[PDB]
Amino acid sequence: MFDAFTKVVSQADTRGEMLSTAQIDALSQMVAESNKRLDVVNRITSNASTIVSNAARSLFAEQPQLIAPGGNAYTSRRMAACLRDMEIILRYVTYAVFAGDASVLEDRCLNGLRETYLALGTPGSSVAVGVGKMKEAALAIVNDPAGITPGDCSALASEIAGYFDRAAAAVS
């Protein structure tokens, strides 16, 4: 896995060259906004169980066939597994946010996911909807102005939204 720094170091090594000041300057901007990045990780993580459960409850209310006898989410074992999938995805999104790079998410989570669900019979489109619901909830939490130094996090918020979208498209 790469973090924001090593990702650029790696592409530079393939050209066999040192980083250009322009490349370093981009890393500096990221270092300047790191406090906002850590706040977003802390806020999402601190509301993990809520984001997941509320998203899960909404999914099933909208798509009741998922939990009706015969549905992929019917029976305790499958429900538990479904809930676990939601939690895993959210966990990996927070990893990418913290590292500043999507590799860990793509590499250790989304890789082969679409195929996995196809083989299982798990509606991937339903997973995407669930991921979308978590995204909306997470972003609202990240953008709450209460108990935090006022400032702009729209950039970070846009990056966070990107990871949530990579996930949803990967199982769509």
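Numbers follow the displayed sequence, beginning with 1.
For the C-alpha atoms alone, is the average B factor greater in 58 to 66 or in 42 to 50, going by the entry? The stretch with the larger average C-alpha B-factor is 58 to 66.
Look up the CA B-factors in the entry and say which stretch, 143 to 151 or 32 to 40, has the higher mean. On average, C-alpha B-factors are higher across 143 to 151.
According to the deposited entry, which of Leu27, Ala128, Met134, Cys109 has the largest Cα B-factor? Spelled out: the listed residue with the top C-alpha B-factor is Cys109.
Splitting the chain's C-alpha B-factors into thirds, which one does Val9 fall into? CA B-factor rank for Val9: lowest third.
What third of its chain's C-alpha B-factors does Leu105 belong to: lowest, middle or highest? It belongs to the middle third of the chain when residues are ordered by C-alpha B-factor.
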